[PDB]
């Protein structure tokens, strides 16, 4: 045989490069996944992740209460969370002076949000409804457009010059930063075959039932990077502006 890494007869080499290229290109086909992640950062350094994976379109919608530390995974809060005092905190966030809490500031409120989409999203389709604490997009229902198109604010997460994902990050450092949150994106479709046309619309309806959700709170950004992002070949941007993910297109 020819010698490895010296000719066009390195079939092991050509097959490795096609295997990676096929994964990149399948994800971008109308048969592939589109994915969204919401990360909520708490003052104790822990991070809640909500992930949704689906064909054609994908999104996540959470209340003010559901984004607070210990709502999901309350069994981790035993001796650190006063669940009753946190009910009173909620009454004082819904209406000024409406509750009887024993804290000025709940350490369970998120300090920041990162939204990440898979590289299979079309960024011009991204929509976000960032509501007040009683789930109203813009002050009163009567004057609310139900979303903002925020694609222009998304940064490219890059590895080896390939786009591996898209990031929108915003801090909630002020006492008045009390939010509900929904986000939504559509899978790329550079074709003129509308996946929602009469021929395929019931498959999009089935995609709504088939979407898979994941929810977990990690104790540290390091634990998130090591045991969630890296093992699953997911894109990520850390507090130091360091990019994570795997470049696949035309690569060994």
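Numbering follows the first chain given and starts at 1. So that the term is clear: the rigid core is the largest set of C-alpha atoms that superpose within 1.5 Å between two forms.
- Relative to the displayed structure, the C-alphas of 29-37 lie farther away on average in 5 other deposited structures of this protein than those of the other candidate, with 45-53 and 29-37 compared after rigid core superposition.
- Looking at 140-148 and 123-131, the one farther from the shown form in 5 other deposited structures of this protein by average CA distance, after a rigid core fit, turns out to be 140-148.
- Compared with other PDB entries of the same protein, residue 175 is missing from at least a third of those that resolve the residues around it.
- Of the two stretches examined, 222-230 and 64-72, the record assigns the greater average C-alpha temperature factor to 64-72.
- Relative to its counterpart among 87-95 and 164-172, 87-95 has the higher mean temperature factor, C-alpha atoms as listed in the PDB entry.
- Comparing the listed residues 118, 122, 142, 78, the entry records the largest Cα B-factor for 78.
- Considering 54, 206, 51, 197 together, the PDB entry gives 197 the largest C-alpha B factor.
- Ranked within its chain, residue 132 lands in the middle third, by CA B factor from the PDB record.
- For residue 101, the recorded CA temperature factor ranks within the highest third of the chain's modelled residues.
- Ranked by C-alpha B-factor against the other modelled residues of its chain, residue 107 falls in the highest third.
- Among the modelled residues of the chain, residue 180 sits in the middle third by CA temperature factor in this PDB entry.
- When all modelled residues of the chain are sorted by CA temperature factor, residue 43 is found within the middle third.
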